[PDB]
Amino acid sequence: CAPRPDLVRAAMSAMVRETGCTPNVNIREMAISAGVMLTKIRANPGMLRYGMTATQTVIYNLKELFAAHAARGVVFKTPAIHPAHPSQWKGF
Amino acid sequence: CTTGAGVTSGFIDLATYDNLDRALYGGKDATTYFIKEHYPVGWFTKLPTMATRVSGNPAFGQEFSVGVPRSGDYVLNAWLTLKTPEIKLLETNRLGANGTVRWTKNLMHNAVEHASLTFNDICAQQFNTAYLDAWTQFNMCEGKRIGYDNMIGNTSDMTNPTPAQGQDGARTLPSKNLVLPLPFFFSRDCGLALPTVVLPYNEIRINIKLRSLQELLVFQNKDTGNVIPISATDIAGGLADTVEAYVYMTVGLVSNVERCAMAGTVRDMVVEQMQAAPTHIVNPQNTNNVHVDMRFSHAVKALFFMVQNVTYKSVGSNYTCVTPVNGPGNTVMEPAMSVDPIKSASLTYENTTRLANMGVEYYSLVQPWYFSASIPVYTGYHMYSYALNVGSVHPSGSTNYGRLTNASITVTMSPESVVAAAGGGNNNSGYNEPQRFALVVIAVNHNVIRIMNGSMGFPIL
Amino acid sequence: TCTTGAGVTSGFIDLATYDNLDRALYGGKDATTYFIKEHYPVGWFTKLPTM
Amino acid sequence: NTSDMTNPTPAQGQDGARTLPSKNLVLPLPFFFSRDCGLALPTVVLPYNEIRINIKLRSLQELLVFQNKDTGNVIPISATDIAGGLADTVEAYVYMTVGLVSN
Amino acid sequence: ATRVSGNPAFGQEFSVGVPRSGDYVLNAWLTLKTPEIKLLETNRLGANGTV
Amino acid sequence: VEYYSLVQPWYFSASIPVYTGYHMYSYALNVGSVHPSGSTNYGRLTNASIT
Amino acid sequence: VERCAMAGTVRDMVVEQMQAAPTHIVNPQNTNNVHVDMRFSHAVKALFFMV
Amino acid sequence: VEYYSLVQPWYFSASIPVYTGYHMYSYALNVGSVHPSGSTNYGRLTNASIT
Amino acid sequence: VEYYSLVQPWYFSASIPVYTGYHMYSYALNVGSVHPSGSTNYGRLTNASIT
Amino acid sequence: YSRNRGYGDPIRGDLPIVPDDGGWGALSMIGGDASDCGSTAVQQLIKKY
Amino acid sequence: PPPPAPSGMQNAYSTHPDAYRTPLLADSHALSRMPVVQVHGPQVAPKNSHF
């Protein structure tokens with residue numbers, strides 16, 4: 001259950017390489033989870049991704065989880081009057 | 001004589017090499033076939049879905065609207081299905097024995113007009129019968145022609161005249177459902193689709209107005225070739241104003257990472273619309289040259305102009321000088337004297353003849369052969385395109401009419417048209433009664449749609 | 001599930017059906033996506049028939 | 001389906017006594033290397049493997065349709081029905097297209 | 001194509017190996033000579049019979 | 001003759017003739033393609049014949 | 001204990017398989033001598049031929 | 001035919017067929033033995049024929 | 001047939017047959033000569049046929 | 001989610017076998033891997049007393 | 001430039017480096033199926049060696 005901040009940092013870099021916001025993605029209470037699921041990966045073959053080792057599978061799972069959370073957490077700003085009003089999509 | 005023997009002549013073929021071959025082939029950076037590069041694509045899925053009803057009622061002569069459900073990332077395809085009623089001509093019809101009933105040619109592109117797509121409460125696109133006919137007759141891909149003539153009608157069963165019950169041919173018109181794909185900007189190409197996941201502020205609506213069933217059925221006189229409007233008592237079972245119809249759409253779903261990446265951004269989309277000029281009544285008896293002004297706004301890409309015979313509202317999608325009449329074998333017959341009423345046409349830009357008095361066969365054949373995917377197989381359907389490829393979604397040569405002050409288009413009639421305008425035709429000649437003609441002009445233009453703050457809009461208005 | 005109209009759930013199941021072959025064929029940082037068309041401007045020109 | 005093999009031929013004494021002619025027919029083989037030019041078999045790169053194609057034909061009983069003129073009943077054909085007897089053997093060949101590239 | 005197993009005959013299975021000595025092979029087709037059919041007056045269906 | 005008539009147009013052309021005759025043999029993969037493809041130059045080739 | 005001990009080890013086994021040659025049609029009226037070519041792959045152990 | 005029918009089953013098998021036909025030739029000492037016996041592989045061998 | 005009947009014996013044999021039949025084709029300049037002459041080996045030559 | 005297909009013995013967990021990347025899923029009862037608390041300690045207690 | 005090189009394998013290849021295509025052709029025997037081609041025979045012991 002040893003924390004692995006390197007894995008979550010690699011996931012951070014992979015996210016910000018293309019795009020990522022991740023509001024509540026703090027290294028605390030997440031590095032420990034990554035480490036314990038790495039422990040679960042180890043000493044339990046038969047479910048690792050093909051052609052990639054335990055750490056890479058862990059960071060890929062973190063990729064999927066962070067992408068899902070960021071996709072779920074999307075909001076739209078409400079403007080002053082309206083976004084579809086004809087006064088907006090025009091010269092002004 | 002199975003004396004097949006060659007394995008070595010390839011060596012001679014490769015040995016043949018000179019300056020021209022060195023210039024064309026060869027080189028260290030030259031690409032080679034038999035080796036295809038693989039690049040991954042996005043992970044997605046698609047499936048049909050039912051379009052939820054929001055208002056109106058499906059019936060002939062009325063207009064109803066259907067909303068677009070907000071449950072998928074992209075909406076990119078729409079079609080309308082409609083179940084035709086049963087037609088059974090009785091022996092008590094007004095025409096008596098000399099009376100046949102048959103569905104009008106091109107049953108689809110009829111029973112529908114002013115088909116519109118509106119976002120929120122602002123109209124974004126609108127098309128109708130003339131645009132549908134011109135499109136399907138000009139940029140149609142081969143191989144699907146039989147399929148389309150099965151979906152829309154003209155299946156040699158709806159258009160075959162059926163005599164009364166007392167006659168030898170008492171066959172009733174079958175009640176089989178038909179389908180019409182709705183051509184929209186997102187349906188034009190896969191690259192253009194509606195980002196419903198990004199657009200929660202706008203309510204997408206599709207408004208369809210069905211034509212009245214009175215003029216949909218064609219009531220023809222077998223002998224004299226006369227047409228009179230149908231009535232409820234004419235056919236068995238009366239006339240059913242209501243009809244069962246549905247609208248279906250295809251929705252695509254993408255991965256969560258892709259939608260997360262694309263959320264919160266501004267995108268510019270280029271779309272194609274149409275503008276329909278008001279119809280003009282043409283009387284070849286009085287004058288032979290008819291000039292009409294064209295008023296358009298955006299970058300016009302093509303101009304489709306036809307002259308439609310409008311003697312009877314029952315017959316539709318007819319662009320000849322003589323209405324079709326019944327023939328032998330209970331089949332529609334095309335009278336011999338039937339040619340396109342247009343003889344020549346020209347375009348004028350404020351007393352500046354851009355296009356001279358070119359022949360009608362020019363617009364009929366030469367222009368489609370060079371700047372379209374197909375050549376029409378029916379009389380009429382004249383076009384002029386400013387672009388190299390009309391069907392291509394990517395922009396090509398075009399001229400914006402906003403800056404160009406109002407231009408005019410002039411057409412010349414034909415001796416066949418001016419002789420069919422008056423009556424005097426014998427039986428089953430189509431032009432027995434005086435004929436009337438109307439000019440219709442359709443334009444196709446480009447436009448730009450911008451996405452800002454989760455709502456689509458026009459940056460140019 | 002809730003049946004009587006389950007298109008979106010079926011699409012979700014299809015999306016969740018992901019495996020090594022699917023990872024090889026699709027996905028990736030450099031993988032392109034459909035429903036988005038890149039636009040490149042062309043030259044400004046015009047054409048007309050000439051005797 | 002050349003509108004000649006699918007046209008029924010009555011018996012010799014009837015009005016239609018035309019004989020069904022013999023002509024060679026060609027069928028492309030849909031394979032992954034034949035689907036696209038970019039997908040081609042690297043024979044030079046594959047010297048170890050042996051590439052084989054197996055084709056199973058059908059008996060001539062089902063290839064000929066015997067139809068009743070009026071009542072339209074179908075019965076299996078017999079060797080005595082057709083003059084000269086049905087031929088079990090056949091002249092069938094397989095052709096392939098190959099290419100060569102520079103050293 | 002080099003025929004190596006069996007003989008072509010109706011109702012039988014025959015095998016052919018892909019010829020070597022070519023850098024690429026990208027096209028294959030099969031041709032065959034159909035027999036000649038001649039109906040007899042002594043057929044089971046008699047006059048009311050067609051092939 | 002059926003080879004030149006059908007097989008070659010089927011593979012290395014965009015259409016097949018609908019009239020008897022019109023035999024063709026093409027060195028290039030696509031005849032209709034304007035871009036050059038496989039071909040042999042007859043300038044460095046001695047007199048060839050067709051029988 | 002047995003399964004835990006024997007797990008995670010490389011196992012080698014020898015098995016038997018069958019190769020059935022394509023069927024051949026014989027007509028004794030024409031000739032009484034028939035030649036059939038066999039094309040098998042591995043170490044054949046027995047051959048069974050019947051008419 | 002009596003050779004394959006009787007002599008081979010009597011010496012290199014476990015039973016003799018009680019029905020006509022059923023001709024066998026075994027390259028191995030025992031047909032039914034799981035442990036391998038003398039045999040030859042046709043992959044390294046050229047075309048073999050049976051008359 | 002007259003080629004094998006007359007021309008080949010006239011050039012590469014010591015006699016010409018006086019009876020119908022007996023066609024030949026020799027890879028050697030002199031068939032009757034015991035000394036070796038032009039010849040090809042079929043052991044390393046893949047299957048050949050005569051029609 | 002799992003390279004293997006088809007669930008094994010519910011009470012006897014599947015042995016951990018490392019898959020090969022080259023080439024030329026349920027919570028079992030945990031009855032193996034030397035279960036100290038139960039099963040195994042019975043023999044120790046019996047041979048102690 | 002002089003006329004093309006005369007036949008007899010001097011015209012089966014081009015001197016330019018980018019297109020050589022050595023006229024040697026690959027074998028059709030693959031590698032898995034290697035015929036024994038050649039074998040060795042021993043001296044036969046005399047029948048009357050017991051004298």
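Its PDB header names cryo-EM as the technique used to obtain the model and reports a resolution of 3.5 Å.

The name given to chain G in the PDB entry is Major capsid protein, with the source organism recorded as Singapore grouper iridovirus. In its PDB record the entry is named "One asymmetric unit of Singapore grouper iridovirus capsid".

Going by the annotation in the PDB entry, the name recorded for chain A is VP139, with Singapore grouper iridovirus given as the source organism.

Next up on the list: the overall build of chain G. A tally of helices and strands in chain G yields one helix and three strands. Ordering the α and β elements of chain G from the N terminus gives α-β-β-β. Against the 2.2 N^0.38 benchmark of 10 Å for 51 residues, chain G shows a C-alpha radius of gyration of 21 Å, more extended than a compact globule. Burial analysis of chain G (51 residues in total) assigns 8% to the buried set. Surface summary for chain G: the accessible area is close to 4700 Å², and the carbon and sulfur share equals 56%. Distance from the positive charge centre (4 side chains) to the negative charge centre (4 side chains) of chain G: 3 Å.

Moving on: helix 1 (residues 36-48) of chain J. Residue and element names in this part refer to chain J. An ideal rise of 1.5 Å per residue puts 18 Å on 13 residues; helix 1 reaches only 16 Å between its terminal C-alpha atoms. Along helix 1, the largest kink reaches about 40° and is centred on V42. The buried fraction of helix 1 is low, at zero of 13 residues.

At the junction of the two partners, chain E supplies 45 residues and chain D supplies 73 residues. Carbon and sulfur atoms make up 57% of the surface buried where chain E meets chain D, a total of about 6200 Å² over both sides. Area buried by chain E at its contact with chain D is led by E:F10, E:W29 and E:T50, which between them contribute 13% of it. Inspection of the chain E/chain D interface yields zero salt bridges. The interface formed by chain E and chain D contains 42 residue pairs in polar contact. Put simply, the parts of the chain that give the side of chain E that touches chain D at least two residues each are strand 2 (13-17) and strand 3 (24-33) of chain E. Residue composition of the side of chain E that touches chain D, by class: 23 nonpolar, 14 polar and eight charged.

Residue and element names in this part refer to chain B. Formed by 80 residues in total, the largest nonpolar core has its most connected members in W103, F127 and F304. Those residues in contact with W103 that sit more than four places away from it in its chain are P85, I87, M158, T159, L173, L216 and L217. Among the nonpolar cores identified, the runner-up in size contains 30 residues, and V300, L303, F305 and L355 belong to it.

Residue and element names in this part refer to chain B. Pairing in this open sheet of four strands is antiparallel, and the strands run 2-9-5-6 from one edge to the other. Where the open sheet ends on each side, the last strands, each with one partner, are strand 2 (63-67) and strand 6 (122-127). Adjacent strand axes in the sheet meet at a mean angle of 20°, parallel and antiparallel pairs treated alike.

Looking now at unusual backbone geometry. Residues and elements named next belong to chain J. The backbone of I30 sits at a positive phi, close to 60°, despite the residue not being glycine. Within the secondary structure, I30 sits in the segment before helix 1. Even without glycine at this site, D33 takes up a positive phi of about 45°. Mapped onto the elements of the fold, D33 is located in the segment before helix 1.

This part takes up the pattern of salt bridges. For the coordinates displayed, the defined rule picks out twelve salt bridges over all chains. Linking A:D6 and A:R4 is a salt bridge whose minimum nitrogen-to-oxygen distance equals 2.8 Å. A residue is classified by how much of its surface remains accessible, and A:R4, at 26% relative accessible area, is partly exposed. For G:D37, the salt bridge goes to G:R39, with nearest N and O atoms at 3.8 Å. On the accessibility criterion, G:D37 (30% relative accessible area) is partly exposed. Ionic contacts of the salt-bridge type, sharing partners, join the residues B:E113, B:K209 and B:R211 into one network.

Glancing now at the sheet that holds strand 19 (residues 353-359) of chain B. All names here are of chain B. What the four strands build is an open sheet, ordered 14-22-18-19; its pairing is antiparallel. The sheet terminates laterally at strand 14 (289-294) and strand 19, the two strands that pair on one side only. Across the sheet, the axes of successive neighbouring strands diverge by a mean angle of 15°, strand direction being ignored. Helix-sheet contacts for helix 7 (residues 360-371) involve strand 18 (344-348) and strand 19, and the interaxial angle to strand 19 is about 95°.

Before going further, it helps to examine a nonpolar patch on the surface. On the surface, I:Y3, I:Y4, I:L6, I:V7, I:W10, I:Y11, I:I16, I:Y25, I:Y27, I:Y42 and I:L45 cluster together into a nonpolar patch covering about 1200 Å² of accessible area. Mapped onto the secondary structure, I:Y42 falls in the segment after helix 1 (2-12).

This next bit is on the packing of helix 2 (residues 31-41) of chain A against helix 3 (residues 54-72) of chain A. Residue and element names in this part refer to chain A. Relative orientation of the contacting elements helix 2 and helix 3 amounts to 130°, with a least axis distance of 10 Å. If you check the angle between helix 2 and helix 3, you find them oblique. For the pair helix 2 and helix 3, the sense of crossing is right-handed. Listed contacts from helix 3 to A34, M37, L38 and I41 of helix 2 are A54, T55, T57, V58, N61 and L62. Looking at the contact of helix 2 with helix 3 residue by residue, the class counts come to seven nonpolar, three polar and no charged.

A few words on the packing of aromatic side chains. Applying the stated criterion across every chain yields a total of 43 aromatic pairs over all chains. Ring plane angle 75° and centroid distance 5.4 Å describe the contact between B:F305 and B:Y363, whose orientation is recorded as edge-to-face. Here B:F305, found in strand 15 (residues 299-309), pairs with B:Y363, found in helix 7; they are 58 residues apart in sequence, far enough to count as distant. B:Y363 matches B:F305 in its accessibility class, with the two residues each being buried. With a centroid separation of 5.5 Å and 80° between ring planes, the pair formed by I:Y25 and I:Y27 is classed as edge-to-face. Aromatic rings pair up to connect B:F127, B:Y131, B:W135, B:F138, B:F184, B:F185, B:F186 and B:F304 into one cluster. Lying over the aromatic face of B:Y378, B:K105 brings its terminal NZ or CZ to 3.5 Å of the ring centre. When the ring centre of B:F371 is taken as origin, the NZ or CZ atom of C:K47, which lies over that ring, is 4.3 Å away.

Of all the ten residues making up strand 3 of chain E, eight are buried; the element is thus mostly covered by neighbouring parts of the structure. Both strand 1 (residues 24-28) of chain D and strand 3 of chain E contribute to a ladder of five bridges, which runs antiparallel. Following the sheet pairing, D:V26 is matched in strand 3 of chain E by E:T31. Summarising the sheet, strand 2 (residues 41-42) of chain D and strand 3 of chain E pair through two bridges and their orientation is antiparallel. Within strand 3 of chain E, the position partnered with D:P42 by the bridge is E:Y24. Here nine bridges tie strand 4 (residues 91-99) of chain D to strand 3 of chain E, and the two strands are oriented antiparallel to one another. Each residue of the ladder has a partner; that of D:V98, found in strand 3 of chain E, is E:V25.

The next point concerns the arrangement of the chains. Among 22 pairs of chains with at least one contact, chains D and E form the most extensive contact set. There is a gap between chain D and chain I: no contact, and a shortest C-alpha distance of 15 Å.

Turning next to the pairing of strand 3 (residues 74-83) of chain B. Along a regular strand, successive side chains alternate from one face of the sheet to the other. All names here are of chain B. Strand 3 sits mainly inside the fold: seven of its ten residues count as buried. In this sheet, strand 8 (residues 194-195) lies alongside strand 3 in antiparallel orientation, the contact comprising two bridges. Across the sheet, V75 pairs through a bridge with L194, a residue of strand 8. For strand 3 and strand 11 (residues 245-254), the ladder comprises eight bridges, and the chain directions are antiparallel. By the bridge assignment, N77 is partnered in strand 11 with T250. The pairing of strand 3 with strand 7 (residues 177-181) spans five bridges and is antiparallel. Of the residues in strand 7, the one forming a bridge with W79 is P181.

What follows is about the side chain of B:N106. The topology assignment puts B:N106 in the loop between strand 4 (100-103) and strand 5 (113-119). Once residues lying within four places of it in the same chain are set aside, the contact partners of B:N106 are B:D133, B:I152, B:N154 and B:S317.

A few words on the packing of helix 1 (residues 5-18) of chain A against helix 3 of chain A. All names here are of chain A. Taken N-terminus to C-terminus, the directions of helix 1 and helix 3 make an angle of 55°; their axes are 9 Å apart at the nearest point. Considered as vectors, helix 1 and helix 3 are oriented oblique to each other. Handedness of the helix 1/helix 3 crossing: right-handed. For the pair helix 1 and helix 3, the contacting residues are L7, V8, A11, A14 and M15 in the first and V58, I59, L62, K63, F66 and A67 in the second.

Cut-offs used in this document
- As presented, residues are numbered from 1 along each chain according to the written sequence, a scheme that may differ from that of the entry, and residues lacking coordinates are left out.
- For this description, chains carry letters from A and ligands carry numbers from 1, given in the order in which they are written.
- This view covers only part of a larger assembly, and the values given relate to that part.
- Side-chain measures here rest on the full set of heavy atoms in the structure, leaving out hydrogens and waters.
- Residues with missing side-chain atoms are left out of burial classes, side-chain pairs and their counts.
- Each helix is a run of H or I in the DSSP string that is no shorter than four residues. Each strand is a run of E no shorter than two, and both are numbered from the N terminus.
- Each radius of gyration is computed over the set of C-alpha atoms, and the globule rule expresses the reference value as 2.2 Å times the number of residues to the power 0.38.
- Categorising residues by exposure relies on relative accessible area from a 1.4 Å probe, with only protein chains included: less than 20% of the type maximum marks a residue as buried, more than 50% marks it as exposed, and the intermediate range marks it as partly exposed.
- Method for areas: the Shrake-Rupley scheme with a 1.4 Å probe, in which residue coverage is limited to the protein chains shown.
- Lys and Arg are tallied as positive, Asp and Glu as negative. Neither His nor the chain termini are counted.
- Charge coordinates come from a single atom per side chain, which is NZ of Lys, CZ of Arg, CG of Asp or CD of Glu.
- Under the convention used throughout, the expected extent of a helix is 1.5 Å for every residue step, that is, one less than its residue count.
- Think of it this way: the bend at a residue is just the angle between two axes, each fitted to seven residues, one set ending at that residue and the other starting at it.
- By the convention used here, residues are in contact when the closest approach between their heavy atoms is within 4.5 Å.
- Buried area is calculated as the accessible area (1.4 Å probe) missing from two parts once they are joined, with the contributions of both summed.
- Salt bridges are identified by distance alone: a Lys or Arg side-chain nitrogen within 4 Å of an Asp or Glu carboxyl oxygen.
- Pairs of N or O atoms are called polar contacts if they sit within 3.5 Å, as long as, within protein, a hydrogen donor faces a hydrogen acceptor (for residues adjacent in sequence, only side-chain-to-side-chain pairs).
- The classification used treats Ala, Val, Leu, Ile, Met, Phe, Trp, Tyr, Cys and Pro as nonpolar, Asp, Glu, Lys and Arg as charged, and all other residues, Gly among them, as polar.
- The criterion is simple. A nonpolar core is a set of buried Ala, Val, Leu, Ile, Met, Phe, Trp, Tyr and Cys residues joined through side-chain atoms within 4.5 Å.
- Here the rule is simple: two strands pair whenever DSSP picks up at least two bridges between them.
- Every axis in this analysis is a line fitted to C-alpha atoms, fitted for helices over the stretch in contact. Angles between the N-to-C directions lie between 0 and 180 degrees.
- Without a salt bridge and with relative accessible area above 30%, a residue can belong to a patch; like charges are then joined within 9 Å and nonpolar side chains (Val, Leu, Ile, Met, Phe, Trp, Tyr) within 5 Å.
- Here is the rule for angles: anything less than 35 degrees is roughly parallel, anything more than 145 is roughly antiparallel, 65 through 115 is roughly perpendicular, and the remaining ranges are oblique.
- For any pair of crossing helices, the crossing counts as left-handed if the nearer helix is rotated counterclockwise from the farther one by less than a right angle, and right-handed if it is rotated clockwise.
- Each aromatic pair joins two rings of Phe, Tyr and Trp (for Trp, the six-membered one) with centres within 6.5 Å, and gets the label stacked for planes under 30 degrees apart, edge-to-face for over 60, and tilted for any other angle.
- For a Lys NZ or an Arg CZ to count as sitting over a ring, it must be within 6 Å of the ring centre and within 35 degrees of the ring normal.

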